[PDB]
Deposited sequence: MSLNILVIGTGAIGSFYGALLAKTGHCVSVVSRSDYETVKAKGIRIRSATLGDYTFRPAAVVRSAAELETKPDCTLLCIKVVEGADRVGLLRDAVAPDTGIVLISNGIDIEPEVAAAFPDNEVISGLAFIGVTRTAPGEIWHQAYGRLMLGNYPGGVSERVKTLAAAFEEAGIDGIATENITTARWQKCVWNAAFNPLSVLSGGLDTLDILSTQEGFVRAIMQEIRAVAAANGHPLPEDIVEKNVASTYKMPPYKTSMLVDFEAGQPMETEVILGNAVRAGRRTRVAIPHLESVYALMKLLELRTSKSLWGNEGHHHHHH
């Protein structure tokens, strides 16, 4: 029995997977309330398959959040937070002292209301924050595995998040600030800068008690040169006119560096420039 909050690509994609196997999944929706209470959500995928998600109910055991505190303000008697960023858990934990942290690896995009496009990957890593794996976590993971994707229960979700942040913190903002370059163009022409950012992330992770594998920077460089030219999720958001994950990726990494006094000038630079681009993008037609 599963409560999803909101109807974005991530919440809808993982909600619909749990709906497939045969769990009782509802959605709390705002922007798309009218369209989902009727037509539902259509998940389209060539690696998995086509499926349609019609929830058990639509109102205004496990709650998937994917105004955070307030969105769960009447939903908790396991909380599952699926996020691409870092340090997304403390705020929520403090208010509801089980938190299941979810780190998704997936190229999935919401093309229209009720319309999701799965392209690549799909893995969901899950574990308790700050660490640990409970039975619920294992049961959730098995549930996702059943539905077809990697559903990995991990005892060190926070280190895993830092490890993904090595890649995210470099390519996501560079793809936007460059005006839309793919990963291959970014890495092949400014490998040095990409490395400098990655090493900063590595040093902040360690300073926060979550050291990463020793050759993590070289691994991410080598693996990216083998990925086919790629469009980041930040760039998709930017091209869609939607809010970007700047704060939970890069802002949270910067604040983590400041707290531990790690020199992070490359991260500070990219962050400031993202904030400036956002300010420009934010300007009202009203002036």
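Residues 1-3, 64-72, 79-85, 97-99, 120-121, 312-320 of the deposited sequence have no C-alpha coordinates in the structure.
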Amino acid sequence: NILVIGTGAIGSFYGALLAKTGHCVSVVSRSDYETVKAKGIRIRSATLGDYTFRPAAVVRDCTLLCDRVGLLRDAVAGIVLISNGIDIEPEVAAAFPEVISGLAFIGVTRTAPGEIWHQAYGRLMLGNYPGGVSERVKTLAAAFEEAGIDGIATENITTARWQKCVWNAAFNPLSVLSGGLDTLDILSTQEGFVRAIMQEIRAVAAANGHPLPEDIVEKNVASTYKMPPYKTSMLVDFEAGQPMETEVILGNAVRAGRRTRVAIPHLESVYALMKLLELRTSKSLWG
From here on, numbers count along this sequence of modelled residues.
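On average the C-alpha atoms of 114-122 have higher B-factors than those of the other stretch, with 78-86 and 114-122 being the two compared. Of the two segments examined, 278-286 and 4-12, it is 278-286 that shows the higher average Cα temperature factor in the deposited entry. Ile216: CA B factor in the middle third of modelled residues in this chain (values from the PDB entry). Per the PDB record, residue ranking by Cα B-factor puts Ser45 in the highest third of the chain. Ranked within its chain, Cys66 lands in the highest third, by CA B factor from the PDB record. When all modelled residues of the chain are sorted by CA temperature factor, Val25 is found within the highest third. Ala196 sits in the lowest third of its chain by CA B factor, as recorded in the PDB entry.
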